[PDB]
Amino acid sequence: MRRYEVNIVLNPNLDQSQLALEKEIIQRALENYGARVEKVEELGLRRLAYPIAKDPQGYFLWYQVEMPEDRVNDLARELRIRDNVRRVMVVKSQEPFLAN
Amino acid sequence: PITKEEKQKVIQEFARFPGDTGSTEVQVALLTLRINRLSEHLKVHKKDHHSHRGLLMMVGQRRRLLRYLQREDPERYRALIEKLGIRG
Amino acid sequence: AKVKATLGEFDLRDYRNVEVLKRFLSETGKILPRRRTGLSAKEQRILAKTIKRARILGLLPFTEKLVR
Amino acid sequence: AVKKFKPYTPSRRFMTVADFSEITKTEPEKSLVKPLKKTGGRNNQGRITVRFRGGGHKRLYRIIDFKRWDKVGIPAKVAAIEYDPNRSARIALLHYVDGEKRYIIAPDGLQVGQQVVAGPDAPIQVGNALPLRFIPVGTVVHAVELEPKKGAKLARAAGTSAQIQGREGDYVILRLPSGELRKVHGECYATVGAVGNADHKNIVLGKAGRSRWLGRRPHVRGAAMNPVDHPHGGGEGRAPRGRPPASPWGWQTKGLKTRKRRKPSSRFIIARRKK
Amino acid sequence: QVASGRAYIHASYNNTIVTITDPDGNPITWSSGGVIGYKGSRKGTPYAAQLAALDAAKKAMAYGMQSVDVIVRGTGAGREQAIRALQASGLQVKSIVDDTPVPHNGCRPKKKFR
RNA sequence: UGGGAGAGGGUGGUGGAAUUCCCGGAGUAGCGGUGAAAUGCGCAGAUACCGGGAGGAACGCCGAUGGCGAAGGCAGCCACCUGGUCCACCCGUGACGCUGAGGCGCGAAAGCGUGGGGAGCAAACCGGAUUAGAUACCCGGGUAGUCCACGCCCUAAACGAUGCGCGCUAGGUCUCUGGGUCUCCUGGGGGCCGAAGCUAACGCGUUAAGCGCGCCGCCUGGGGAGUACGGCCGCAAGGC
Ligand SMILES: [Mg+2]
Ligand SMILES: [Mg+2]
Ligand SMILES: [Mg+2]
Ligand SMILES: [Mg+2]
Ligand SMILES: [Mg+2]
Ligand SMILES: [Mg+2]
Ligand SMILES: [Mg+2]
Ligand SMILES: [Mg+2]
Ligand SMILES: [Mg+2]
Ligand SMILES: [Mg+2]
Ligand SMILES: [Mg+2]
Ligand SMILES: [Mg+2]
Ligand SMILES: [Mg+2]
Ligand SMILES: [Mg+2]
Ligand SMILES: [Mg+2]
Ligand SMILES: [Mg+2]
Ligand SMILES: [Mg+2]
Ligand SMILES: [Mg+2]
Ligand SMILES: [Mg+2]
Ligand SMILES: [Mg+2]
Ligand SMILES: [Mg+2]
Ligand SMILES: [Mg+2]
Ligand SMILES: [Mg+2]
Ligand SMILES: [Mg+2]
Ligand SMILES: [Mg+2]
Ligand SMILES: [Mg+2]
Ligand SMILES: [Mg+2]
Ligand SMILES: [Mg+2]
Ligand SMILES: [Mg+2]
Ligand SMILES: [Mg+2]
Ligand SMILES: [Mg+2]
Ligand SMILES: [Mg+2]
Ligand SMILES: [Mg+2]
Ligand SMILES: [Mg+2]
Ligand SMILES: [Mg+2]
Ligand SMILES: [Mg+2]
Ligand SMILES: [Mg+2]
Ligand SMILES: [Mg+2]
Ligand SMILES: [Mg+2]
Ligand SMILES: [Mg+2]
Ligand SMILES: [Mg+2]
Ligand SMILES: [Mg+2]
Ligand SMILES: [Mg+2]
Ligand SMILES: [Mg+2]
Ligand SMILES: [Mg+2]
Ligand SMILES: [Mg+2]
Ligand SMILES: [Mg+2]
Ligand SMILES: [Mg+2]
Ligand SMILES: [Mg+2]
Ligand SMILES: [Mg+2]
Ligand SMILES: [Mg+2]
Ligand SMILES: [Mg+2]
Ligand SMILES: [Mg+2]
Ligand SMILES: [Mg+2]
Ligand SMILES: [Mg+2]
Ligand SMILES: [Mg+2]
Ligand SMILES: [Mg+2]
Ligand SMILES: [Mg+2]
Ligand SMILES: [Mg+2]
Ligand SMILES: [Mg+2]
Ligand SMILES: [Mg+2]
Ligand SMILES: [Mg+2]
Ligand SMILES: [Mg+2]
Ligand SMILES: [Mg+2]
Ligand SMILES: [Mg+2]
Ligand SMILES: [Mg+2]
Ligand SMILES: [Mg+2]
């Protein structure tokens, strides 16, 4: 097991119930791939720096998780399988590096 | 990778006295463990020639240690290489 | 005026900190140099990578145009 | 991984044969084979209408499931990967948990023991059939229906694949094995992944007799014939074509396009092929 | 007809082409160092770019064009002269923005540019 | 044992800029190009502008006088797998070391084979100019190739033109990266300037080209010639 921060960005122009069906898919995906979800920070719609898929906004999910190191690629790829999942970034979690 | 737990089993199953961490046996054993993990990794990643240099350096290192233990103890040499299934 | 001064204590890896990180990009979207950033050698590499990530997550621009 | 031979005959020199590594069962499912009528290129009139055919190895035809919307939602187990002399792809025997058994053409990377399923809700997984409108854009796909419920017409030979490029209304945009870009209805089924046995094009027949085994009788050059036979016939000694290169029947055979202009599918061919 | 629009200055070391668009970027009219009888090296001079800009605005203002946001591309010597000309034409130059294409180290340049 | 830095390597994925092309819009008399031109392209609607699409390659800023690697070489970003290396504690083994003819493996670019891919670029090639000529430089085109996979080739100004290891002989200064008690002290790299000394001089100078020891490789006037013959390797080119 290792700790990863799974970033996901969704389709903003979705009702919260389509948005619910997508999170449930994600949920079952993290579930069936071995992740144990610690924290979960869901910032929602957010103004984009540049247009993504013709959309200046996205719905930003974030999951601190703990999964077997040898399946995070397959999981991440599986998150991308959906068309409303416009971005996914799984990162290795690190203790912070600070200034001041 | 090798984790601290598997690495200690190797030291445990090869220490001479349950505190020893640097004898020829525990070194040959520790190298043999790096090699096979690497030797297998190279069998999949055939173009990782840089890591292969690492493989040769550990092989030479173990061979020099095995050359030393055969001088000081042909009996314990033979005992070590069999427990690691090494000769070829 | 350097950015490490113009900001209190921050985490050089929170790639989600747009308010902290955007302060490290010129008016034209480029990663500022240490002569503007004020970070050290080792700090500058960390900042840029986490800037680079936030660009991929759409949190920071890769480039903005120049206004007069 | 095509196999070579040491040069212990003239022909063994260059001959190559498939490795058949992935084949797991070597006699066909008796319930799914019927006799394949060798034509020799002859039609119902008895006439040769395709020259240089015949005399090849006897074959049983394996019935292949080109629909698969036949059995929506019914999971199936890949039980065997078999040889099939009637196509370039290998074939896979599916034991549907239904108890029903069917052959599909075998996609690359398909593993005996895995499960496949057909339907709108099938996971985007190699071997699964879905209507085109539900496969993600960018996905590589094969055994594609050309028209809804008419059956898999596209990307069926060893190695081929169509790629899903975009959607427009009821239609999807496919890059066919030829590189042609074409509109195909979203209801048309396709199976995720490329056809397997992609090494099939690297086989070297190696001797004349191997073409005979395949039913391919020897081709005779027009230039080798006489003028009653062929445009290129005749001449004292050898002879260049001496006219635009023609078929036996007179039509030009270097670049002369032959697709019909007013064909209805033109409204669906986006861009002609490549290379 | 439209009142406000955008003014685009494509300007290389060869020429300076001004096209005035509408708010939607659809061109209202255009001009360049060729629309004023210069052919050749002269098409790339500052004066050429001035007349090109003046012929651009005088053609667009003749469509009711009053306000332009000035988008500037290239680096040719007729660049600054074009912006100056647009503020002197009579147009309500509401902006100047440099949108020169710059790759993030992409396609290999011609030998002339390596 | 516990830590740290890193474009070290391999695999899968993935982001934005940009160019080319296609489509739709809108729009008109040119564009492009050079020293100046022409070729080219453009009323068959180009260029310039917007929107959409495809595909390829390369990763701007960070970025450095930087880092890593044995060398060649390595630069978006993410994960996986893997190497080397450095530091601390001074815990374990007890000289187990150094080098290294052969051997083996690695080895820029180009080139070669079988597939694939092909946006840009561009040997060849064509055209335009220049010129006495111009099989060049400059311009417009342009096929290999550049890219991927696998297999070959094994070359180089493969350079620090400086083999490897150890020990010893002032410091000043800048920097990367560890440790400390964090002024500063100490390691390990990267440069600079310089003591003694070396050097034909230029220069070198704790990153020796100084003082020593070990081992290896190599030189013995220029041309002929890295050619011939032989032999080995290679598909060939050609290498040794
Ligand atoms: Mg998606
Ligand atoms: Mg963090
Ligand atoms: Mg053979
Ligand atoms: Mg033989
Ligand atoms: Mg042989
Ligand atoms: Mg097979
Ligand atoms: Mg029967
Ligand atoms: Mg029949
Ligand atoms: Mg009949
Ligand atoms: Mg009859
Ligand atoms: Mg009859
Ligand atoms: Mg026929
Ligand atoms: Mg026939
Ligand atoms: Mg067939
Ligand atoms: Mg078959
Ligand atoms: Mg159709
Ligand atoms: Mg073929
Ligand atoms: Mg046959
Ligand atoms: Mg034939
Ligand atoms: Mg013939
Ligand atoms: Mg004859
Ligand atoms: Mg007859
Ligand atoms: Mg006749
Ligand atoms: Mg005739
Ligand atoms: Mg004839
Ligand atoms: Mg004849
Ligand atoms: Mg004849
Ligand atoms: Mg003759
Ligand atoms: Mg004859
Ligand atoms: Mg001829
Ligand atoms: Mg003739
Ligand atoms: Mg003819
Ligand atoms: Mg076609
Ligand atoms: Mg000009
Ligand atoms: Mg450690
Ligand atoms: Mg158009
Ligand atoms: Mg013309
Ligand atoms: Mg007209
Ligand atoms: Mg014209
Ligand atoms: Mg393409
Ligand atoms: Mg001690
Ligand atoms: Mg002792
Ligand atoms: Mg090489
Ligand atoms: Mg090469
Ligand atoms: Mg090639
Ligand atoms: Mg070109
Ligand atoms: Mg000419
Ligand atoms: Mg010429
Ligand atoms: Mg002449
Ligand atoms: Mg040229
Ligand atoms: Mg080409
Ligand atoms: Mg290769
Ligand atoms: Mg150099
Ligand atoms: Mg040399
Ligand atoms: Mg040496
Ligand atoms: Mg170094
Ligand atoms: Mg130092
Ligand atoms: Mg002196
Ligand atoms: Mg001396
Ligand atoms: Mg002197
Ligand atoms: Mg001097
Ligand atoms: Mg010096
Ligand atoms: Mg010093
Ligand atoms: Mg000589
Ligand atoms: Mg020779
Ligand atoms: Mg040579
Ligand atoms: Mg010879």
Side-chain angles (χ1 to χ4, degrees), chain A residues 2 4-14 22 26 37-40 42-46 48-65 72-73 75-77 79-80 82-100, chain C:
Chain A
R2 292 177 205 164
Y4 304 95
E5 293 173 34
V6 187
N7 305 272
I8 307 170
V9 186
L10 261 29
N11 191 326
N13 317 84
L14 285 188
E22 296 295 352
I26 294 171
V37 190
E38 317 183 337
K39 303 179 50 56
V40 43
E42 173 181 345
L43 263 101
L45 273 92
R46 197 170 193 182
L48 278 184
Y50 48 80
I52 283 184
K54 286 86 157 205
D55 211 310
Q57 281 170 282
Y59 197 97
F60 285 72
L61 306 183
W62 180 91
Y63 300 96
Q64 162 124 5
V65 293
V72 348
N73 266 127
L75 197 173
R77 171 219 298 157
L79 294 187
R80 315 200 166 101
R82 296 287 290 181
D83 294 311
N84 280 319
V85 183
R86 304 194 171 184
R87 290 258 194 278
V88 156
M89 190 160 104
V90 183
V91 191
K92 288 189 301 308
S93 237
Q94 305 176 257
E95 285 288 301
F97 189 86
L98 298 78
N100 312 148
Chain C
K2 289 190 143 42
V3 204
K4 189 170 158 55
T6 60
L7 256 86
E9 170 171 84
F10 50 72
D11 181 26
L12 280 107
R13 299 176 172 164
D14 192 14
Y15 49 80
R16 296 146 87 245
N17 222 330
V18 57
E19 235 68 24
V20 174
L21 282 176
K22 68 187 172 173
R23 304 289 298 167
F24 294 99
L25 310 180
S26 67
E27 119 194 76
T28 187
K30 312 221 248 296
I31 293 173
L32 287 171
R34 283 166 59 186
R35 52 157 283 247
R36 284 308 308 274
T37 308
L39 289 177
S40 67
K42 172 184 174 171
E43 287 174 320
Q44 182 69 207
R45 298 192 305 269
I46 302 274
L47 151 100
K49 175 171 302 308
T50 65
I51 288 185
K52 285 172 163 164
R53 292 160 153 180
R55 292 161 148 174
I56 307 188
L57 269 136
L59 288 171
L60 306 179
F62 282 96
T63 187
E64 296 292 325
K65 334 169 73 173
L66 176 131
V67 178
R68 307 313 169 110

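Both backbone and side-chain heavy atoms feed into the values below; hydrogens, waters and symmetry mates do not. Chain letters run A, B, ... following the sequence lines, proteins first and then strands; every chain starts at 1.
- Contact between C/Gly8 and A/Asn100 at its shortest, heavy atoms only, is O-OD1, 2.6 Å.
- Remark: the backbone N or O of C/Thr63 is not paired with any side-chain donor or acceptor of A/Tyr50 at under 3.5 angstrom.
- Separation of atoms CE (A/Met89) and OH (C/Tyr15) is listed at 5.5 Å; rounding is to 0.5 Å.
- Residues C/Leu59 and A/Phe60 form a side-chain contact, since some pair of their non-hydrogen atoms from C-beta on lies under 4.5 Å apart.
- Both the backbone and the side chain of C/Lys4 come within contact range of chain A, judged by heavy atoms closer than 4.5 Å.
- Within 6.0 Å of CZ in A/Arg80 there are more than 12 heavy atoms belonging to other residues, nucleotides or ligands.
- The nearest pair of heavy atoms linking A/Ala49 to C/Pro61 is CB-N, 3.4 Å.
- To the nearest 0.5 Å, atom CD1 of residue C/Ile46 and atom CD of residue A/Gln94 are 7.0 Å apart.
- Counting non-hydrogen atoms of neighbouring residues, nucleotides and ligands closer than 6.0 angstrom, the CZ atom of C/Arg35 reaches no more than 12 such neighbours.
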*For side chain to side chain contact (heavy atoms under 4.5 Å, CB included), just list the numbers for C/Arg53 and A/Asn7, CA-CA rounded to whole Å, side-chain angles, deciding distance to a tenth of an Å, and then say yes or no.*
CA-CA 11 Å; C/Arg53 292 160 153 180; A/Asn7 305 272; over 6 Å; no

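- Counting heavy-atom neighbours within 6.0 Å of A/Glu95 CD, excluding the residue itself, gives a total of 12 or less.
- The contact between C/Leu57 and chain A is made by backbone and side chain atoms together, counting heavy-atom distances below 4.5 Å.
- Considering all non-hydrogen atoms of both residues, A/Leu98 and C/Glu43 come closest at O-OE2, 4.3 Å.
- Listed options C/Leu39, C/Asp14, C/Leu60 were ranked by heavy-atom pairs under 4.5 angstrom with chain A; first place goes to C/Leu60.
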